[PDB]
């Protein structure tokens, strides 16, 4: 019914790293780093791998911050996105053919050029709150319905 994905936010005291995807799902938007979890791989190991593949950064500890289920009307598979954050990274962000990373000051997060759901849950991430969310999309731009609640255990 649902497919596992990861999403990683590199969140430091005064800035956050986002990546501009050049192609595929979500191209043209700033977003966290992530993708599909593989066979035999833990969700956290998948999150660490995708962060390296897409940003060039090596993460140690990842902290669970949320879970968001996305439904796209007309598509059978739900996306079960496990969201993580970290403030301890090594390496410097790498631009590739697939992704352009850039740091943003927290007061300059580019919500108009991000997925629309981020405007709801990013403020929770910034205040170190954990959450469970569900967003029903029509296409890539329109949220038909959603739920979002803070939780103690992701």
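Positions refer to the first chain, counted from 1.
Chemist: Report the stretch with the higher mean CA temperature factor, choosing between 102 to 110 and 63 to 71 on the basis of the entry.
Modeler: Averaging CA B-factors over each stretch, the winner is 102 to 110.
Chemist: Please compare 114 to 122 with 54 to 62 and name the stretch with the higher mean C-alpha B-factor in the deposited structure.
Modeler: That would be 54 to 62.
Chemist: Based on the entry's values, in what third of the chain does the Cα temperature factor of residue 32 lie: lowest, middle or highest?
Modeler: Answer is lowest: the recorded C-alpha B-factor places it there.
Chemist: Considering every modelled residue of the chain and its Cα B-factor in the PDB entry, is residue 147 in the lowest, middle or highest third?
Modeler: Middle third of the chain for residue 147's C-alpha B-factor.
Chemist: Please rank the C-alpha B-factors of the chain's modelled residues and tell me whether residue 8 sits in the lowest, middle or highest third.
Modeler: Bottom third by C-alpha B-factor.
Chemist: Ranking every modelled residue in this chain by its Cα temperature factor as given in the entry, which third contains residue 43?
Modeler: CA B-factor rank for residue 43: middle third.
Chemist: Among the modelled residues of this chain, does the Cα B factor of residue 19 put it in the lowest, middle or highest third?
Modeler: It falls in the bottom third of the chain.
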